[PDB]
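No lab work stands behind these numbers, since they all come straight from the coordinates. Cβ atoms come from the backbone with ideal geometry, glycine included; neighbour counts cover every protein chain shown.
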Amino acid sequence: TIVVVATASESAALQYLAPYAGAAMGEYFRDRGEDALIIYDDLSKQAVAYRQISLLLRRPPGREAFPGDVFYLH
Amino acid sequence: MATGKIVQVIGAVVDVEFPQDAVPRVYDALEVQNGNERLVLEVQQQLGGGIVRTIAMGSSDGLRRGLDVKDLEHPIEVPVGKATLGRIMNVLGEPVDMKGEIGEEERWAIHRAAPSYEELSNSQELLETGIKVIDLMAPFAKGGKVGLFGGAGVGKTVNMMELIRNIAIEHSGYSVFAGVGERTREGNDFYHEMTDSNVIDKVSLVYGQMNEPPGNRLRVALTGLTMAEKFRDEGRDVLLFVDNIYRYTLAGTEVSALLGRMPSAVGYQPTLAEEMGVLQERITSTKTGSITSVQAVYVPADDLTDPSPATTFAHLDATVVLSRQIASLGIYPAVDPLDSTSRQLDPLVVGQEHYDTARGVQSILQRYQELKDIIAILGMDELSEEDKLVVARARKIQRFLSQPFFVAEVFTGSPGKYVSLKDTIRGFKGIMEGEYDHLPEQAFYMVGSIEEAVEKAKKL
Amino acid sequence: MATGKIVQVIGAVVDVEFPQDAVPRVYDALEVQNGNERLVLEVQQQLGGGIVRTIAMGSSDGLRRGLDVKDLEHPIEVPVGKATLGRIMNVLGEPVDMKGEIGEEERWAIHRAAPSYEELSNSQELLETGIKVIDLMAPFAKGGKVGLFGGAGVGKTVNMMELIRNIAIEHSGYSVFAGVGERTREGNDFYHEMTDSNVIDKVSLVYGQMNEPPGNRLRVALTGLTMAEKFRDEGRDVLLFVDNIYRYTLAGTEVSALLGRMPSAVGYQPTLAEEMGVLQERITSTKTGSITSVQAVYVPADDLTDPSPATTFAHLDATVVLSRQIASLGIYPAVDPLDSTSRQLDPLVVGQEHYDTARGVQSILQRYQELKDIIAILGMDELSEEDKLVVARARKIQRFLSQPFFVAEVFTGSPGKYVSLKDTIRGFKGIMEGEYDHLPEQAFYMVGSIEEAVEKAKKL
Amino acid sequence: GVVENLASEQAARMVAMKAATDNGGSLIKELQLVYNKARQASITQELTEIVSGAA
Ligand SMILES: Nc1ncnc2c1ncn2[C@@H]1O[C@H](COP(=O)(O)OP(=O)(O)O)[C@@H](O)[C@H]1O
Ligand SMILES: Nc1ncnc2c1ncn2[C@@H]1O[C@H](COP(=O)(O)OP(=O)(O)O)[C@@H](O)[C@H]1O
Ligand SMILES: [Mg+2]
Ligand SMILES: [Mg+2]
């Protein structure tokens, strides 16, 4: 296993980015012809970190104040 | 020559400033070099003086302020005609199957007006699908619209694959498939199922995948509609498959939230019903040709009451209701025969024989649903001898309207069967009248015509 | 000396203008002569023009715009260490009892980074509490986090006072109590209980009770946690009691709108989860020392799904959930055993007998919950002769979970009882397998071990 | 003794179904109160999101 950590005190951008960093490590094995398995623990917390980032940038809030592009995020 | 300059980038939304004399009109396609890649923008709004507000069709990463923008004085315009058949294209009409260029002859813009009520052709010619339950319980005519309502995992996508195959190597007419909000795994499975089943040469595929900007997913339905409208103009009776309307409404919600429009009843966009109308009003039969259509509709959290399924109901002519309970029993296709309906199911257009057969099937199944709890509490040996016959006949009907699909073979290994409407009516009309009270129940499970039922019982 | 001027005053927040070459940093303290008193501002933002947004650590009334303010070039700093033990302190670290100044040698900034990942430590050492339900259902370890969830008037503070009595007196190391936005009456009654028990020499006290303006309530939890961190770094092991953590987030919500931040889901600041995690992550045990902590966590309108409870639940190790329904029964402690849990309720940590007893109690209390709706409509007579047995045992369990407390000895006259872990598992295992089927339900209400229930049965 | 017990059965079922109908009628009141609170909270949480979203 590889463990990627972005704790509750990290900057919101490091929580938002952490799943893409994990995916970037999983793809290294995938593109070679090996099998990997990646667990994203709490995508809902990534969505809360991205909501915070998008609300501090004064972007138009959607439903439950989430930004419009949370689908295009996930 | 390029004359605009980028002045903002906020996510997928880009603002471009032009000289006051040359401002691009709404829905014009702009073009910019996102490094070595070529990015087009669709003009959404003319706000303020000389500024223009746009959605990027490709991804917006790498854009910087001050880039030069060339305005193509046409909307997004795509290749059409025979040349499209058996290719895969994206919303921009660029190939993604790597088979080289499309080799077009003509291009049409994706935005155009719907036919007027005077040009419509009143028609009642029923389509003949290869599927027993759909032919019997929910017939639909050319130019009509069919909605495959259901949850997740019930069989909408494989039902549409079966329809494409049956209406591509039984009736040899062309077909167009617009995968708005497609899953790349399912799109590749579709491409390989159609290439293996030899039907690929009569299907035109457009994909807008889930990992693309919202407006890129939104426009794709209009791209597939524009291809079906080219084929209609040639006099064909085309058939248009929309892979999920719910994801079209979600893409519209996303695009509308990005532009900062004030949201609506459930956070949906304000223009929800006008987008649905602009989509569904172009799909009609006309005096020259026709576009028939079937649309998969995902119902979120199992309610027909929220704005998306509630607003699409107004346009459909037939509604098929799929259920995961029936599928989990192991019966496919998992159509609920009691809740699926059609506007065309009346004696005057289907004939009294078809209407009577359908109403009798529904009555038998309703009576069985009544008797089920008396059977459960009392036990079957207490039922009256005519009710002990309704039970068996309903149980055989409930088996017989399952069917093996040609595309489900990779799930089951057994071969598929195509059943004509005549054989469907003959089978159900025979079962209800007791001509087959001597066969086991399992003689009807996953068979084609009733002849296969008698032959399986003879083998069983 | 004074180098800046007030330019706005909106309630609790103040805007101050400085020369652009001398603008303070983003957590420095500032000082203002408010009338005759001295008011401290903590800067929260740097706006563009040498202006700065700050929160007033005191009453904001009387502030004119145009007052001179003085730039202290260091953050808020509080006394820390041995010197601060038997004393009560302000949020600014000032002494609030009428005794003299604090004799500290060292002062710490209240904004600090959480310990690194390689520096943490985890312990399985189960800590025993006198309370039958808490250690049976939700046993917690030395150096773990306990959180008590409940609405208003359900028992959070009485239970925290029982935990203080049962662990914190027969415990060696020092202790820290932070009152964050609760009653001054209860803080005075606690301080006089400690001073009349001669244990005050071990309990450092910080108070920012609900009469104070938002800044004191906001910072007071951080200044109490700083003192706990200092005692942890000396190599000791420490108890930290926080009397309502919810008030920290609420004071942040009250301030949030004035700081010009767009509101979120239910009004809360956008930064709710970061504001909570920045405090919660640094209250932890490390390889040099351990902090054992009990937090009361008010849940507004009894809504366990309100964002603040929902985002608090992830931080804790043992969560005890109080409920108003059970308290309305009069069954204190009003723990809901179907919602309380612990990280430590595993057979390898607790042992198989404890784990099985706790799971059986949960299973039959869940089965009784499932019966309650049919008992409400039809009535009990319809149940199976099996179902009535699990209902009778579940009701006897619900009574036996109650316990009298030495601190509740003034709301009821009953003497307090201390029940060991062995006796509680011995009694619950006895009840579950029916060896006490013959006693009435009232024999179990407000008793200690089961041998007191068998005695109470004799007296009815 | 069998026929008297059978008439006792019919009368006991009559009384029991009467009581169950009154219990249902009380549970309607309690559920309708909870429904009213839920729909009020939904109206306000939506209209507040809309109004606060418009900068
Ligand atoms: N006729 C069928 N025969 C065998 N399997 C089926 C059939 N219909 C659906 N399935 C199963 O359902 C799964 C997904 O069905 P799909 O059409 O994707 O449902 P959805 O409508 O949710 O897209 C497939 O993997 C397939 O195994
Ligand atoms: N074990 C108990 N015995 C008697 N009363 C109790 C007990 N536990 C809680 N209560 C009642 O709960 C009420 C409020 O308790 P408190 O701890 O102040 O609630 P909270 O702090 O959660 O608002 C008190 O009036 C007290 O009588
Ligand atoms: Mg699908
Ligand atoms: Mg309280």
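Judged by the gyration tensor of its Cα atoms, with axes a ≥ b ≥ c, the range B:1-75 is rounded; a/c sits under the 1.5 cut.
Just tell me which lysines come within less than 24 Å, Cα to Cα, of residue C:5; anything on the same chain fewer than 8 places away is out. Qualifying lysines at Cα under 24 Å: C:70. Label zone (residue D:6, point 7 Å along Cα-to-C-beta; backbone nitrogen cut-off 17 Å) within the range B:379-396: none. When +1 charges are put on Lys and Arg Cβ atoms and -1 charges on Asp and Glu Cβ atoms, the dipole computed for the protein assembly as shown relative to its Cα centre reaches about 660 debye. Counting every alpha-carbon pair across the protein assembly as shown, the share separated by more than 50 Å comes to 44%. For chain A, the longest principal axis of the Cα atoms and the long axis of helix A:12-32 meet at an angle of about 30 degrees. Shielding by partners for peptide C:256-264, expressed as the average number of C-beta atoms from other protein chains within 10 Å of each residue's C-beta, is 4.
Placing +1 on each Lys and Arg Cβ and -1 on each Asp and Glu Cβ, with no other charges, gives chain C a dipole about its Cα centre of roughly 340 debye. Relative to the other identical copies, residue B:234 shows label-point distances of 8.9 nm, where the label point lies 7 Å from Cα along the Cβ direction and values run shortest first. Taking the charge dipole of the protein assembly as shown about its Cα centre, with +1 at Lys and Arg Cβ atoms and -1 at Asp and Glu Cβ atoms, the residue from C:290, A:3, B:44 reaching farthest to the positive side is C:290. In this simple spin-label approximation, residue B:420 and residue B:386 carry label points 7 Å from Cα along the Cα→Cβ vector, and these lie 3.6 nm apart. Among the listed pairs B:396/B:422; C:132/C:456; C:99/C:145; C:388/C:422; C:388/C:429; C:388/C:417, those whose Cα-Cα separation exceeds 24 Å are C:99/C:145; C:388/C:422; C:388/C:417. The mean number of Cβ atoms from other chains found within 10 Å of a Cβ in peptide D:43-53 is 5, as a whole number. For the residues A:21, A:49, A:12, a GNM of chain A with alpha-carbon springs under 10 Å puts the largest fluctuation on A:21.
Relative to the longest principal axis of the Cα atoms of chain B, helix B:450-459 runs at roughly 60 degrees.
Scale the Cα Rg of the range C:345-460 by the rule-of-thumb value 2.2 N^0.38 Å and send over the ratio, two decimals.
1.16
Summing charges over neighbours of residue C:287, with a neighbour being any other residue whose Cβ is under 13 Å away from its Cβ, gives -3 when K and R count +1 and D and E count -1. Under 1.5 on a/c is rounded, so check that first for the range C:76-344, then, if it is not, pick prolate when a/b is larger than b/c and oblate when it is not; a ≥ b ≥ c are the square roots of the alpha carbon gyration tensor eigenvalues. Verdict is rounded for the range C:76-344. Of the Cα atoms belonging to the range B:43-183, the radius of gyration and Dmax stand at 20.5, 62 Å. Computed from Cα positions, the angle between helix B:156-169 and the longest principal axis of chain B comes to roughly 90 degrees.
The calculated 222 nm mean residue ellipticity attributable to helices in the protein assembly as shown amounts to -12000 deg cm²/dmol, summing -39500 (n - 2.57) over DSSP H runs of n ≥ 4 and dividing by all residues. In terms of packing, defined here as the mean over residues of other Cβ atoms within 10 angstrom, the peptides C:170-182, C:34-46, B:133-145 line up highest first as B:133-145, C:170-182, C:34-46. For the protein assembly as shown, the residue among B:171, B:214, B:349 whose Cα projects farthest onto the positive side of the dipole built from Cβ charges is B:214. Among C:398, C:421, C:365, whose Cα sits farthest toward the positive end of the charge dipole of the range C:345-460 (+1 at Cβ of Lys/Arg, -1 at Cβ of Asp/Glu, about the Cα centre)? Of the listed residues, the answer is C:421. Think of each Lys and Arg Cβ as +1 and each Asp and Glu Cβ as -1; about the Cα centre, that makes the dipole of the range C:1-75 roughly 160 debye.
Across identical copies of the chain, residue C:439 has label-point separations of 6.8 nm, listed in ascending order, with the point defined 7 angstrom from Cα along Cα→Cβ. A simple count of charges around residue C:373, restricted to other residues whose Cβ falls under 14 Å of its Cβ and scoring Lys, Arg +1 and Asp, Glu -1, yields -2.
Hey, what's the Kirkwood Rh for chain D if you take every pair of different alpha carbons, in angstrom? That comes to 15.2 Å for chain D.
Fewest-first ordering of B:149, C:18, C:406 by other beta carbons within 10 Å of each residue's beta carbon gives C:406, C:18, B:149. List the residues of the range B:46-75 whose backbone N lies under 17 Å from a point placed 7 Å from the Cα of residue B:33 along the Cα-to-Cβ direction. Inside the label zone: B:62-72. Its residue count N sets the reference 2.2 N^0.38 Å, and the alpha-carbon radius of gyration of the range C:192-233 equals 1.39 times that reference.
Sorted from closest to farthest, the other copies place their residue C:185 label points 6.1 nm away, with each point set 7 Å from Cα along Cα→Cβ. Per-residue shielding of D:9-22, expressed as the average number of other chain Cβ atoms within 10 Å of the residue Cβ, stands at 1.
Rounded, prolate or oblate, given the Cα gyration tensor of chain C, with a/c below 1.5 counting as rounded? Verdict is prolate for chain C.
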